[PDB]
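Coordinates in review
Here is how the chains run, residue by residue.
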Amino acid sequence: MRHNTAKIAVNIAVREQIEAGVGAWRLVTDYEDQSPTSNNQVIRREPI
Amino acid sequence: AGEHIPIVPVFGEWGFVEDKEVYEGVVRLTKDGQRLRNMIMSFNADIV
């Protein structure tokens, strides 16, 4: 979650909850080695 | 030389109202009232 794409999803969550009444975020799994974790698989939080 | 984009844009207010990016500073809706004040000011200035 070093990548800032995770922190964008946190800002959307709290903002749109107050305004629109809903906000969303997703957890996905992809292949990266720019912030590697075990078995060369990482879990990223992506904004919605 | 970069492996990532060297340009990281800041956004003061940010969001997607339909998945077309909309953003603003703070001067967006000050346009309406300010010109209204100036209009009243220049009505009576011509009378004086």
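Residues numbered from 1 in each chain as written, not as in the entry; some residues may be left out. Chains lettered and ligands numbered in written order. Part of a larger assembly, values for the part shown. Heavy atoms only, no water.

- With the PDB entry as reference, chain B is termed Portal protein, source organism Enterobacteria phage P22.

- Looking at the PDB entry, chain A carries the name Portal protein, with the source organism given as Enterobacteria phage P22.

Points about the side chain of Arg44 of chain A
All names here are of chain A.
- Position of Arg44 relative to the elements: it lies in strand β2 (residues 42-47).
- No salt bridge is formed by the buried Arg44; its nearest oppositely charged neighbour, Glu32, is found at 4.4 Å.
- A polar contact is formed between the side chain of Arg44 and the side chain of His3, at a distance of 3.5 Å.
- Those residues in contact with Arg44 that lie beyond four places of it in its chain are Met1, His3, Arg26, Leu27, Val28, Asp30, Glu32 and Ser35. (Helix = DSSP H or I, 4+ residues; strand = E, 2+ residues; numbered from the N terminus. Buried < 20%, exposed > 50% of the residue type's maximum accessible area, 1.4 Å probe, protein only. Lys, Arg positive; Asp, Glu negative; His and termini not counted. Salt bridge = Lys/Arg side-chain N within 4 Å of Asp/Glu carboxyl O. Polar contact = N/O pair within 3.5 Å; in protein donor to acceptor, adjacent residues only side chain to side chain. Contact = heavy atoms within 4.5 Å.)

Digging into unusual backbone geometry
- Look at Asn40 of chain A: it is not a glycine, yet its phi comes out positive at around 60 degrees.
- When its relative accessible area of 37% is taken as the criterion, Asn40 of chain A is described as partly exposed.
- Its identity is not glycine, yet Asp19 of chain B carries a phi of approximately 75 degrees, on the positive side.
- You can see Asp19 of chain B is positioned in the loop between β1 (13-16) and β2 (21-24).

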